[PDB]
>>> print(open('work_25.cif').read())   # mmCIF, C-alpha atoms and all ligand atoms
data_coords
loop_
_atom_site.label_atom_id
_atom_site.label_comp_id
_atom_site.auth_asym_id
_atom_site.auth_seq_id
_atom_site.Cartn_x
_atom_site.Cartn_y
_atom_site.Cartn_z
CA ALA T 1 159.33 -308.99 15.41
CA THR T 2 155.83 -307.74 14.74
CA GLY T 3 155.81 -310.78 12.45
CA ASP T 4 156.74 -313.02 15.37
CA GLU T 5 154.18 -311.25 17.57
CA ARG T 6 151.52 -311.68 14.88
CA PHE T 7 152.23 -315.38 14.32
CA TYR T 8 151.98 -316.19 18.03
CA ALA T 9 149.00 -313.91 18.60
CA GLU T 10 146.86 -314.79 15.58
CA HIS T 11 147.83 -318.40 14.85
CA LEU T 12 149.93 -320.37 17.34
CA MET T 13 148.35 -319.42 20.65
CA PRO T 14 144.71 -319.37 19.47
CA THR T 15 145.25 -322.85 18.02
CA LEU T 16 146.89 -324.36 21.11
CA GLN T 17 144.31 -322.78 23.45
CA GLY T 18 141.55 -324.33 21.33
CA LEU T 19 143.09 -327.76 21.90
CA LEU T 20 144.04 -327.47 25.61
CA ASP T 21 142.00 -326.43 28.64
CA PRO T 22 143.78 -323.67 30.63
CA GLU T 23 145.21 -325.80 33.45
CA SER T 24 146.64 -328.35 30.99
CA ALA T 25 148.00 -325.50 28.86
CA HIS T 26 149.56 -323.86 31.94
CA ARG T 27 151.29 -327.12 32.95
CA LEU T 28 152.62 -327.69 29.43
CA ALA T 29 153.89 -324.10 29.22
CA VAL T 30 155.80 -324.42 32.50
CA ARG T 31 157.23 -327.82 31.57
CA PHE T 32 158.34 -326.55 28.17
CA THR T 33 159.80 -323.32 29.58
CA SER T 34 161.85 -325.32 32.10
CA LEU T 35 163.61 -327.20 29.27
CA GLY T 36 165.27 -324.03 28.00
CA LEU T 37 165.36 -325.32 24.44
CA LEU T 38 164.46 -321.92 22.95
CA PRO T 39 166.97 -319.14 22.23
CA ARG T 40 167.02 -315.92 24.21
CA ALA T 41 164.67 -313.21 22.98
CA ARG T 42 165.90 -310.74 20.37
CA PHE T 43 165.19 -307.47 22.21
CA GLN T 44 168.26 -305.87 23.81
CA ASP T 45 167.50 -303.77 26.89
CA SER T 46 168.62 -300.16 26.65
CA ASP T 47 170.03 -298.06 29.48
CA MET T 48 166.84 -296.03 29.93
CA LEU T 49 164.98 -299.17 31.12
CA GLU T 50 167.29 -299.83 34.09
CA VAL T 51 165.86 -299.27 37.59
CA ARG T 52 167.60 -299.32 40.99
CA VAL T 53 165.17 -300.15 43.82
CA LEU T 54 164.79 -302.60 46.74
CA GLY T 55 168.59 -302.73 47.07
CA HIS T 56 169.06 -304.16 43.57
CA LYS T 57 169.56 -303.26 39.93
CA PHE T 58 166.82 -304.33 37.50
CA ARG T 59 167.96 -304.47 33.87
CA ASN T 60 164.38 -303.71 32.79
CA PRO T 61 161.18 -303.10 34.79
CA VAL T 62 158.97 -305.88 33.31
CA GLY T 63 158.59 -308.96 35.52
CA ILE T 64 156.58 -312.18 35.49
CA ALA T 65 153.99 -312.08 38.28
CA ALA T 66 153.49 -314.80 40.90
CA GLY T 67 151.31 -317.83 40.06
CA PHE T 68 152.84 -318.79 36.71
CA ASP T 69 155.91 -320.60 38.11
CA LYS T 70 154.33 -321.60 41.42
CA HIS T 71 157.04 -324.14 42.38
CA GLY T 72 160.29 -322.60 41.03
CA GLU T 73 160.62 -324.97 38.05
CA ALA T 74 161.17 -322.54 35.14
CA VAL T 75 163.14 -319.54 36.47
CA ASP T 76 165.96 -319.63 33.91
CA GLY T 77 163.60 -320.13 30.98
CA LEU T 78 161.62 -317.06 32.09
CA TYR T 79 164.75 -314.89 32.12
CA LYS T 80 165.37 -316.16 28.58
CA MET T 81 162.05 -314.72 27.40
CA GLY T 82 163.27 -311.28 28.48
CA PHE T 83 161.74 -310.63 31.90
CA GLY T 84 163.82 -308.25 34.03
CA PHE T 85 162.90 -310.14 37.20
CA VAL T 86 161.08 -313.36 38.14
CA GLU T 87 158.68 -313.97 41.06
CA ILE T 88 157.88 -317.58 42.01
CA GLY T 89 155.10 -318.84 44.30
CA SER T 90 152.94 -318.67 46.19
CA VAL T 91 154.68 -321.40 48.22
CA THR T 92 153.00 -322.91 51.31
CA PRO T 93 154.93 -324.52 54.21
CA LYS T 94 153.63 -328.06 53.61
CA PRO T 95 152.64 -329.47 50.19
CA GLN T 96 148.95 -329.22 49.35
CA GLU T 97 146.77 -329.93 46.34
CA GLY T 98 144.59 -326.81 46.08
CA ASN T 99 140.92 -326.78 45.03
CA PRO T 100 139.11 -329.50 43.04
CA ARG T 101 139.01 -329.11 39.30
CA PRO T 102 138.02 -327.40 37.12
CA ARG T 103 139.65 -324.34 38.73
CA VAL T 104 140.88 -322.12 35.84
CA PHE T 105 138.71 -320.46 33.16
CA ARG T 106 139.39 -318.32 30.07
CA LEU T 107 137.28 -315.27 29.09
CA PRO T 108 138.63 -314.68 25.56
CA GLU T 109 136.09 -311.97 24.66
CA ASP T 110 137.29 -309.94 27.67
CA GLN T 111 141.02 -310.79 27.42
CA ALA T 112 140.65 -312.10 30.99
CA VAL T 113 141.06 -315.21 33.17
CA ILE T 114 139.27 -316.39 36.33
CA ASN T 115 141.12 -318.80 38.63
CA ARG T 116 140.45 -320.57 41.94
CA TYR T 117 143.62 -322.69 42.19
CA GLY T 118 143.67 -322.45 45.99
CA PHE T 119 147.44 -322.37 46.61
CA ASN T 120 148.38 -325.69 45.03
CA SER T 121 152.02 -325.96 46.16
CA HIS T 122 154.93 -328.43 46.23
CA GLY T 123 155.77 -326.93 49.65
CA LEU T 124 158.79 -325.17 51.15
CA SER T 125 161.16 -328.15 51.32
CA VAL T 126 160.84 -329.08 47.64
CA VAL T 127 161.17 -325.49 46.45
CA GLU T 128 164.12 -324.92 48.82
CA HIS T 129 166.08 -327.76 47.21
CA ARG T 130 165.15 -326.61 43.70
CA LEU T 131 166.49 -323.12 44.38
CA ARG T 132 169.60 -324.41 46.17
CA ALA T 133 170.59 -326.36 43.03
CA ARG T 134 171.00 -323.04 41.15
CA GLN T 135 171.74 -320.65 44.05
CA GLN T 136 175.15 -319.48 42.79
CA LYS T 137 173.86 -319.10 39.22
CA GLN T 138 171.11 -316.85 40.62
CA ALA T 139 173.72 -314.84 42.54
CA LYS T 140 175.45 -314.00 39.23
CA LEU T 141 172.13 -313.25 37.51
CA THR T 142 171.15 -310.87 40.33
CA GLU T 143 174.53 -309.13 40.11
CA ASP T 144 173.89 -308.73 36.37
CA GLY T 145 170.54 -307.04 37.04
CA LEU T 146 168.10 -310.01 36.99
CA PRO T 147 166.72 -310.43 40.54
CA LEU T 148 164.52 -313.20 41.99
CA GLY T 149 161.44 -312.79 44.19
CA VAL T 150 159.72 -315.46 46.29
CA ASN T 151 156.02 -315.19 47.16
CA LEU T 152 154.87 -316.84 50.43
CA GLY T 153 151.43 -318.26 51.24
CA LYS T 154 149.81 -320.24 54.07
CA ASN T 155 148.35 -323.73 54.30
CA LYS T 156 144.59 -324.22 54.15
CA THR T 157 144.36 -325.95 57.55
CA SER T 158 147.02 -323.88 59.34
CA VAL T 159 145.97 -322.55 62.75
CA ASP T 160 148.55 -319.73 63.09
CA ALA T 161 148.91 -317.67 59.91
CA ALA T 162 151.90 -315.70 61.20
CA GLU T 163 153.86 -318.89 61.91
CA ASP T 164 153.26 -320.13 58.34
CA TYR T 165 154.75 -316.92 56.94
CA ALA T 166 157.59 -316.98 59.49
CA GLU T 167 158.55 -320.48 58.30
CA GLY T 168 158.68 -319.26 54.70
CA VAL T 169 160.98 -316.40 55.71
CA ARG T 170 163.35 -318.79 57.47
CA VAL T 171 163.42 -321.42 54.68
CA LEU T 172 163.29 -319.37 51.42
CA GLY T 173 164.34 -315.94 52.68
CA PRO T 174 168.04 -316.87 52.33
CA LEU T 175 167.47 -317.70 48.63
CA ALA T 176 165.46 -314.60 47.62
CA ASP T 177 166.26 -311.05 46.62
CA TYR T 178 162.82 -310.04 47.87
CA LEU T 179 160.00 -311.82 49.69
CA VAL T 180 156.26 -311.19 49.24
CA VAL T 181 153.74 -311.64 52.06
CA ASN T 182 150.64 -312.57 50.08
CA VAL T 183 147.64 -311.58 52.20
CA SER T 184 145.37 -311.01 49.15
CA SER T 185 144.51 -314.33 47.47
CA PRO T 186 140.71 -314.56 47.07
CA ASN T 187 140.91 -318.36 47.10
CA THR T 188 141.83 -319.22 50.72
CA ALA T 189 139.22 -318.86 53.47
CA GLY T 190 139.96 -315.86 55.68
CA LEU T 191 143.27 -314.85 54.06
CA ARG T 192 142.27 -311.33 53.01
CA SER T 193 141.16 -310.49 56.56
CA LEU T 194 144.89 -310.54 57.39
CA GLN T 195 144.81 -307.15 55.61
CA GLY T 196 143.13 -305.46 58.60
CA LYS T 197 145.14 -303.16 60.84
CA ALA T 198 145.73 -305.08 64.08
CA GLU T 199 146.17 -308.48 62.42
CA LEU T 200 148.47 -306.96 59.81
CA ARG T 201 150.70 -305.12 62.31
CA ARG T 202 151.23 -308.25 64.42
CA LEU T 203 151.79 -310.45 61.36
CA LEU T 204 154.28 -308.07 59.73
CA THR T 205 156.14 -307.43 63.01
CA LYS T 206 156.81 -311.17 63.27
CA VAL T 207 157.79 -311.47 59.59
CA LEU T 208 160.27 -308.57 59.84
CA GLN T 209 161.81 -309.93 63.06
CA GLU T 210 162.47 -313.25 61.30
CA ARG T 211 163.97 -311.48 58.26
CA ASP T 212 166.28 -309.34 60.40
CA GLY T 213 167.63 -312.54 62.03
CA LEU T 214 169.11 -313.79 58.73
CA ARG T 215 172.79 -313.30 57.87
CA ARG T 216 173.45 -310.10 55.96
CA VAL T 217 174.07 -311.49 52.46
CA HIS T 218 170.93 -313.65 52.90
CA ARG T 219 168.61 -310.83 54.07
CA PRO T 220 165.88 -310.04 51.50
CA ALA T 221 163.61 -307.04 51.15
CA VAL T 222 160.02 -307.67 52.34
CA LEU T 223 156.94 -306.52 50.38
CA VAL T 224 153.18 -306.92 51.01
CA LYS T 225 150.83 -307.83 48.13
CA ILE T 226 147.35 -306.35 48.42
CA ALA T 227 143.95 -306.81 46.80
CA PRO T 228 142.18 -304.41 44.43
CA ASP T 229 138.97 -304.78 46.48
CA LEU T 230 139.92 -302.86 49.64
CA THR T 231 137.88 -300.08 51.20
CA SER T 232 139.32 -296.59 51.61
CA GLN T 233 139.66 -297.34 55.34
CA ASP T 234 141.60 -300.53 54.58
CA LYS T 235 144.04 -298.67 52.35
CA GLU T 236 144.76 -295.91 54.89
CA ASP T 237 145.37 -298.59 57.52
CA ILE T 238 147.80 -300.56 55.33
CA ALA T 239 149.70 -297.38 54.48
CA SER T 240 149.99 -296.49 58.17
CA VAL T 241 151.32 -299.93 59.18
CA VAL T 242 153.77 -300.05 56.26
CA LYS T 243 155.31 -296.73 57.29
CA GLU T 244 155.26 -297.56 61.01
CA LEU T 245 157.17 -300.84 60.58
CA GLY T 246 159.48 -299.95 57.67
CA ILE T 247 158.08 -302.46 55.16
CA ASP T 248 160.25 -302.30 52.05
CA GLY T 249 157.55 -302.15 49.35
CA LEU T 250 154.08 -303.03 48.06
CA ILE T 251 152.79 -305.19 45.19
CA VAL T 252 149.57 -303.69 43.79
CA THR T 253 147.39 -305.70 42.92
CA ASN T 254 146.27 -309.33 43.16
CA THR T 255 143.15 -310.51 41.26
CA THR T 256 139.66 -309.06 41.88
CA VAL T 257 136.53 -310.79 43.23
CA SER T 258 134.46 -308.01 41.65
CA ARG T 259 132.83 -308.55 38.24
CA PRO T 260 132.90 -305.24 36.34
CA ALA T 261 129.86 -304.36 34.28
CA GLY T 262 130.33 -305.33 30.64
CA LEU T 263 132.04 -308.75 30.88
CA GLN T 264 131.05 -310.91 27.90
CA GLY T 265 132.70 -314.29 28.51
CA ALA T 266 130.33 -317.20 29.09
CA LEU T 267 132.31 -318.09 32.24
CA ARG T 268 132.08 -314.64 33.90
CA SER T 269 130.06 -315.93 36.89
CA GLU T 270 132.56 -318.64 37.95
CA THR T 271 133.92 -318.19 41.47
CA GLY T 272 137.51 -316.91 41.74
CA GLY T 273 139.91 -314.05 41.10
CA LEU T 274 139.59 -312.16 37.80
CA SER T 275 142.77 -311.04 35.96
CA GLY T 276 143.63 -309.33 32.66
CA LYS T 277 142.16 -306.32 30.91
CA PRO T 278 139.02 -305.82 33.10
CA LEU T 279 141.38 -305.45 36.12
CA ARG T 280 143.78 -302.96 34.50
CA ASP T 281 142.42 -299.58 35.55
CA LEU T 282 141.19 -300.76 38.98
CA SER T 283 144.80 -301.79 39.67
CA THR T 284 146.27 -298.54 38.28
CA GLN T 285 143.96 -296.49 40.52
CA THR T 286 145.01 -298.55 43.57
CA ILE T 287 148.67 -297.83 42.71
CA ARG T 288 147.84 -294.11 42.49
CA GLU T 289 146.17 -294.13 45.93
CA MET T 290 148.90 -296.15 47.70
CA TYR T 291 151.68 -293.93 46.27
CA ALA T 292 149.93 -290.83 47.65
CA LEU T 293 149.18 -292.38 51.08
CA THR T 294 152.88 -293.36 51.44
CA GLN T 295 154.17 -289.96 50.19
CA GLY T 296 156.05 -291.60 47.32
CA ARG T 297 158.54 -293.06 49.81
CA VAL T 298 157.59 -296.75 49.48
CA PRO T 299 158.43 -298.65 46.25
CA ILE T 300 155.46 -300.20 44.42
CA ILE T 301 155.43 -303.09 41.95
CA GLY T 302 152.38 -302.49 39.75
CA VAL T 303 150.47 -305.44 38.34
CA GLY T 304 147.09 -306.07 36.68
CA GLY T 305 146.07 -306.02 33.01
CA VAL T 306 149.43 -304.99 31.51
CA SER T 307 149.84 -306.00 27.85
CA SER T 308 151.41 -302.93 26.14
CA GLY T 309 153.96 -300.18 26.67
CA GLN T 310 151.10 -297.76 27.36
CA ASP T 311 149.69 -300.04 30.09
CA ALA T 312 153.14 -300.19 31.73
CA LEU T 313 153.84 -296.44 31.53
CA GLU T 314 150.42 -295.59 32.97
CA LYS T 315 151.24 -297.63 36.09
CA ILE T 316 154.77 -296.16 36.31
CA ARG T 317 153.40 -292.59 36.07
CA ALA T 318 150.80 -293.48 38.75
CA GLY T 319 153.64 -294.47 41.12
CA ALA T 320 155.04 -297.92 40.23
CA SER T 321 158.84 -298.41 40.13
CA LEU T 322 158.45 -301.84 38.43
CA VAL T 323 155.58 -303.70 36.70
CA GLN T 324 154.58 -307.35 36.26
CA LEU T 325 152.31 -309.24 33.87
CA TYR T 326 150.82 -312.75 33.67
CA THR T 327 147.49 -313.01 31.84
CA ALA T 328 148.76 -311.25 28.69
CA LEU T 329 151.50 -313.91 28.37
CA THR T 330 148.82 -316.62 28.35
CA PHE T 331 147.01 -315.01 25.37
CA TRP T 332 149.88 -313.59 23.26
CA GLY T 333 152.85 -315.80 24.14
CA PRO T 334 156.47 -314.82 24.79
CA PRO T 335 156.65 -312.05 22.16
CA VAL T 336 154.48 -309.84 24.38
CA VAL T 337 157.48 -309.25 26.68
CA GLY T 338 159.64 -307.60 24.02
CA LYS T 339 156.61 -305.75 22.67
CA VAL T 340 155.96 -304.13 26.07
CA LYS T 341 159.62 -303.14 26.47
CA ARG T 342 159.91 -301.74 22.93
CA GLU T 343 156.71 -299.67 23.24
CA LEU T 344 157.66 -298.42 26.73
CA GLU T 345 161.05 -297.16 25.51
CA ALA T 346 159.39 -295.34 22.59
CA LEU T 347 156.76 -293.68 24.82
CA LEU T 348 159.35 -292.54 27.37
CA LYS T 349 161.23 -290.77 24.57
CA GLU T 350 158.07 -289.25 23.07
CA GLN T 351 157.04 -287.87 26.48
CA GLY T 352 160.44 -286.34 27.23
CA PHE T 353 161.58 -288.69 30.00
CA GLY T 354 165.26 -289.57 30.26
CA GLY T 355 164.37 -293.06 31.45
CA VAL T 356 162.01 -295.15 33.55
CA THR T 357 163.29 -293.63 36.81
CA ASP T 358 162.31 -290.11 35.72
CA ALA T 359 158.70 -291.20 35.01
CA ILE T 360 157.97 -292.85 38.38
CA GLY T 361 155.10 -290.93 40.00
CA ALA T 362 155.11 -288.21 37.32
CA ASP T 363 151.29 -287.95 37.29
CA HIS T 364 151.41 -286.72 40.90
CA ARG T 365 153.73 -283.82 39.99
CA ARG T 366 151.40 -282.26 37.40
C1 LIG F 401 146.15 -318.56 37.16
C2 LIG F 401 146.68 -317.53 38.13
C3 LIG F 401 147.34 -317.93 39.29
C4 LIG F 401 147.84 -316.98 40.19
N1 LIG F 401 148.49 -317.37 41.36
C5 LIG F 401 149.00 -316.41 42.23
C6 LIG F 401 149.69 -316.80 43.39
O1 LIG F 401 149.91 -317.99 43.67
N2 LIG F 401 150.15 -315.83 44.23
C7 LIG F 401 149.97 -314.48 43.98
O2 LIG F 401 150.41 -313.65 44.77
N3 LIG F 401 149.31 -314.08 42.84
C8 LIG F 401 148.81 -315.04 41.97
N4 LIG F 401 148.16 -314.64 40.82
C9 LIG F 401 147.95 -313.18 40.56
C10 LIG F 401 148.97 -312.53 39.62
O3 LIG F 401 150.24 -312.63 40.27
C11 LIG F 401 148.60 -311.07 39.34
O4 LIG F 401 148.61 -310.37 40.58
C12 LIG F 401 147.22 -310.90 38.70
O5 LIG F 401 146.89 -312.00 37.86
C13 LIG F 401 147.10 -309.62 37.86
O6 LIG F 401 148.04 -309.57 36.80
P1 LIG F 401 147.62 -309.93 35.28
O7 LIG F 401 146.36 -309.16 34.96
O8 LIG F 401 148.74 -309.45 34.39
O9 LIG F 401 147.44 -311.44 35.16
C14 LIG F 401 147.66 -315.61 39.93
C15 LIG F 401 147.00 -315.23 38.77
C16 LIG F 401 146.51 -316.17 37.87
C17 LIG F 401 145.82 -315.67 36.64
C1 LIG F 402 153.82 -318.75 27.28
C2 LIG F 402 152.81 -319.79 26.91
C3 LIG F 402 151.69 -320.00 27.70
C4 LIG F 402 150.72 -320.92 27.36
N1 LIG F 402 149.55 -321.14 28.15
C5 LIG F 402 149.33 -320.84 29.45
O1 LIG F 402 150.24 -320.62 30.24
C6 LIG F 402 147.91 -320.63 29.81
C7 LIG F 402 146.76 -320.69 28.98
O2 LIG F 402 146.67 -320.96 27.67
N2 LIG F 402 145.66 -320.41 29.68
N3 LIG F 402 146.07 -320.16 30.95
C8 LIG F 402 145.24 -319.82 32.00
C9 LIG F 402 145.80 -319.61 33.21
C10 LIG F 402 147.20 -319.72 33.40
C11 LIG F 402 148.01 -320.06 32.36
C12 LIG F 402 147.44 -320.29 31.09
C13 LIG F 402 150.87 -321.74 26.24
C14 LIG F 402 149.86 -322.79 25.87
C15 LIG F 402 148.81 -322.27 24.90
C16 LIG F 402 150.53 -324.05 25.31
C17 LIG F 402 151.98 -321.51 25.44
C18 LIG F 402 152.95 -320.59 25.80
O3 LIG F 402 154.00 -320.48 24.87
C19 LIG F 402 155.31 -320.82 25.20
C20 LIG F 402 155.65 -321.44 26.38
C21 LIG F 402 156.99 -321.76 26.60
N4 LIG F 402 157.96 -321.50 25.71
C22 LIG F 402 157.60 -320.92 24.57
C23 LIG F 402 156.29 -320.57 24.26
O1 LIG F 403 144.25 -319.62 43.76
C1 LIG F 403 145.40 -319.19 43.89
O2 LIG F 403 146.42 -319.94 44.18
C2 LIG F 403 145.61 -317.74 43.72
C3 LIG F 403 144.95 -317.09 42.74
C4 LIG F 403 145.07 -315.69 42.61
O3 LIG F 403 144.50 -315.02 41.74
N1 LIG F 403 145.89 -315.06 43.53
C5 LIG F 403 146.58 -315.68 44.54
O4 LIG F 403 147.29 -315.04 45.33
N2 LIG F 403 146.41 -317.06 44.62
#
>>> encode(input="work_25.cif", output="structure tokens")
Amino acid sequence: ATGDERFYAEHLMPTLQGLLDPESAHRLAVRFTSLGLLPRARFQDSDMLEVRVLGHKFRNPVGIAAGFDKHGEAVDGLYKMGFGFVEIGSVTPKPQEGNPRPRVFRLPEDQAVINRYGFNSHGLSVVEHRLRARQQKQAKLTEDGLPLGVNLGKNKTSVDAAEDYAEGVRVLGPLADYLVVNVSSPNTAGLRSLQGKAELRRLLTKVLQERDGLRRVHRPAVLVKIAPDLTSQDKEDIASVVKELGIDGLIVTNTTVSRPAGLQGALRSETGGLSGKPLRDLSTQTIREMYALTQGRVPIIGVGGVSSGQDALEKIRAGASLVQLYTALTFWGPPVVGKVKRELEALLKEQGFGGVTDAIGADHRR
């Protein structure tokens, strides 16, 4: 309800965030979500929100982005809050602790977060066993239109980046509906340089060879997640490699190392990736560019600063088939998920679209 949204947004979450620093709050949220405990959200998804892409049906196009459930501990609880799909990770091959604390910062006056977690990860083996313990349950959820994505990273000290990603394909590929090759974290030395043309072609050739070697019912789609901070040359190169190799999709975008003019939060000059509202339109414009460079033929998951139905529809009209959110959940709590879906349905009807599918890329056809 708007009453439930208001209680969370004006009383419960402001109070808890005043008592808990963001990393402690994040850990408590994941732990609590994993317990189930809470009933499924009220909103009932209508037919016009269904999307068929990446070889799967999505009951609604609003997902939880990577980095909230880094280790696969709260998947079922996230479906209960109404997300149409869940992405876990990033997961590294070996366990690692990430950067020293403090490493997460809130910018309440900007509705933004800065983080430098550094790929803290339980590692592939632990996550593999966690997902195996619910693998058949996930198979039924996927069949019912609730797919699962797994986001892969690399270890800090690894010498061969491509072998780190290949290991992730072999270990978690068989448990995923789609895999994400995350070459865009700002918080690992040298990672984003994997976005260049030659490095990217060789890396993605190896990743796709590994994927194709899996048995057919265990063969996921493969997407690449890119930064919002790329040059025009970088974007044309990514688009060329994606089409050359047959990559299945793109996730647009990760956090930004830029600091837009106008930020007010005291913590705006901390090192790390910036998320939330100051990222929104930079991400939407990157979606627009990548859709055009790929001729509308490559599915895009749009992410960055989504907290309303209007935010979601703007990314869909720019070229996204699905959207994700994270930072808005940390400020407004679970009710934001139903709010986005309710507003999106109303806007689709007001703008004369028969459903989400009809609106994908519509800005490009004006
Ligand atoms: C605290 C935090 C941790 C994140 N960790 C990851 C990660 O491990 N892997 C990844 O691909 N993206 C990660 N992200 C990026 C989000 O998936 C998303 O791309 C970005 O935050 C923009 O969406 P938002 O504005 O709705 O938060 C993280 C973001 C935040 C805020
Ligand atoms: C959904 C949610 C999230 C959060 N908090 C965070 O996840 C959080 C934060 O506050 N800052 N932050 C910065 C970077 C990354 C994450 C975060 C909290 C805190 C305030 C306790 C409560 C939540 O309510 C729930 C959870 C589970 N079941 C029902 C209701
Ligand atoms: O530090 C991380 O783990 C991290 C942060 C972020 O914003 N994006 C990402 O891919 N990783």
>>> axis_aligned_box(input="work_25.cif", around="ligand LIG 403 (chain F)", padding_each_side="8 Å", output="lines of an AutoDock Vina configuration file")
center_x = 145.8
center_y = -317.5
center_z = 43.5
size_x = 19.0
size_y = 20.9
size_z = 19.6
>>> residues_near_point(input="work_25.cif", point="(161.9, -311.9, 50.5)", cutoff="6 Å", atoms="all atoms listed in the file", output="list in words")
residues 150, 173, 176, 177, 178, 179, 180, 220, 221 and 222 of chain T
>>> residues_near_point(input="work_25.cif", point="(135.5, -305.1, 36.5)", cutoff="9 Å", atoms="all atoms listed in the file", output="VMD selection string")
chain T and resid 256 to 263 274 277 to 282
>>> residues_near_ligand(input="work_25.cif", ligand="ligand LIG 401 (chain F)", cutoff="6 Å", atoms="all atoms listed in the file", output="list in words")
residues 65, 66, 67, 89, 90, 113, 115, 119, 182, 253, 254, 255, 275, 276, 303, 304, 305, 306, 325, 326, 327 and 328 of chain T
>>> residues_near_ligand(input="work_25.cif", ligand="ligand LIG 402 (chain F)", cutoff="10 Å", atoms="only C-alpha atoms and all ligand atoms", output="ChimeraX atom specification")
/T:8,12-39,67-69,74,77-78,80-81,103-108,112-115,117,275,326-336
>>> residues_around(input="work_25.cif", residues="residue T:214", least_positions_apart="2", cutoff="12 Å", atoms="only C-alpha atoms", output="NGL selection string")
:T and (166 or 169-176 or 207-212 or 216-221)
>>> write_last_selection(input="work_25.cif", atoms="C-alpha atoms", output="PDB file, in the coordinates of the input")
ATOM      1  CA  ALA T 166     157.590-316.980  59.490  1.00  0.00           C
ATOM      2  CA  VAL T 169     160.980-316.400  55.710  1.00  0.00           C
ATOM      3  CA  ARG T 170     163.350-318.790  57.470  1.00  0.00           C
ATOM      4  CA  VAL T 171     163.420-321.420  54.680  1.00  0.00           C
ATOM      5  CA  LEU T 172     163.290-319.370  51.420  1.00  0.00           C
ATOM      6  CA  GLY T 173     164.340-315.940  52.680  1.00  0.00           C
ATOM      7  CA  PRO T 174     168.040-316.870  52.330  1.00  0.00           C
ATOM      8  CA  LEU T 175     167.470-317.700  48.630  1.00  0.00           C
ATOM      9  CA  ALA T 176     165.460-314.600  47.620  1.00  0.00           C
ATOM     10  CA  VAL T 207     157.790-311.470  59.590  1.00  0.00           C
ATOM     11  CA  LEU T 208     160.270-308.570  59.840  1.00  0.00           C
ATOM     12  CA  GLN T 209     161.810-309.930  63.060  1.00  0.00           C
ATOM     13  CA  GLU T 210     162.470-313.250  61.300  1.00  0.00           C
ATOM     14  CA  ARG T 211     163.970-311.480  58.260  1.00  0.00           C
ATOM     15  CA  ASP T 212     166.280-309.340  60.400  1.00  0.00           C
ATOM     16  CA  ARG T 216     173.450-310.100  55.960  1.00  0.00           C
ATOM     17  CA  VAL T 217     174.070-311.490  52.460  1.00  0.00           C
ATOM     18  CA  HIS T 218     170.930-313.650  52.900  1.00  0.00           C
ATOM     19  CA  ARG T 219     168.610-310.830  54.070  1.00  0.00           C
ATOM     20  CA  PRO T 220     165.880-310.040  51.500  1.00  0.00           C
ATOM     21  CA  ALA T 221     163.610-307.040  51.150  1.00  0.00           C
TER      22      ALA T 221
END
>>> closest_residue(input="work_25.cif", among="T:149, T:118, T:168, T:63", to="residue T:87", atoms="all atoms listed in the file")
T:149
>>> residues_around(input="work_25.cif", residues="residue T:85", least_positions_apart="2", cutoff="6 Å", atoms="only C-alpha atoms", output="PyMOL selection string")
chain T and resi 63+83+146-148
>>> atom_distance(input="work_25.cif", atom1="atom CA of residue T:362", atom2="atom CA of residue T:344")
14.9 Å
>>> decode(input="work_25.cif", residues="stretch 140-152 of chain T", atoms="C-alpha atoms", output="PDB file, in the first residue's frame")
ATOM      1  CA  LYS T 140      10.363 -25.059 -10.818  1.00  0.00           C
ATOM      2  CA  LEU T 141      10.670 -21.329 -10.090  1.00  0.00           C
ATOM      3  CA  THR T 142      12.338 -20.754 -13.474  1.00  0.00           C
ATOM      4  CA  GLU T 143       9.605 -22.739 -15.229  1.00  0.00           C
ATOM      5  CA  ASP T 144       7.071 -20.508 -13.443  1.00  0.00           C
ATOM      6  CA  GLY T 145       8.769 -17.372 -14.790  1.00  0.00           C
ATOM      7  CA  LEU T 146      11.265 -16.530 -11.984  1.00  0.00           C
ATOM      8  CA  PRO T 147      14.798 -17.033 -13.388  1.00  0.00           C
ATOM      9  CA  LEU T 148      18.168 -16.926 -11.602  1.00  0.00           C
ATOM     10  CA  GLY T 149      21.340 -15.149 -12.748  1.00  0.00           C
ATOM     11  CA  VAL T 150      24.879 -15.668 -11.452  1.00  0.00           C
ATOM     12  CA  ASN T 151      27.477 -12.883 -11.679  1.00  0.00           C
ATOM     13  CA  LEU T 152      31.156 -13.951 -11.940  1.00  0.00           C
TER      14      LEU T 152
END
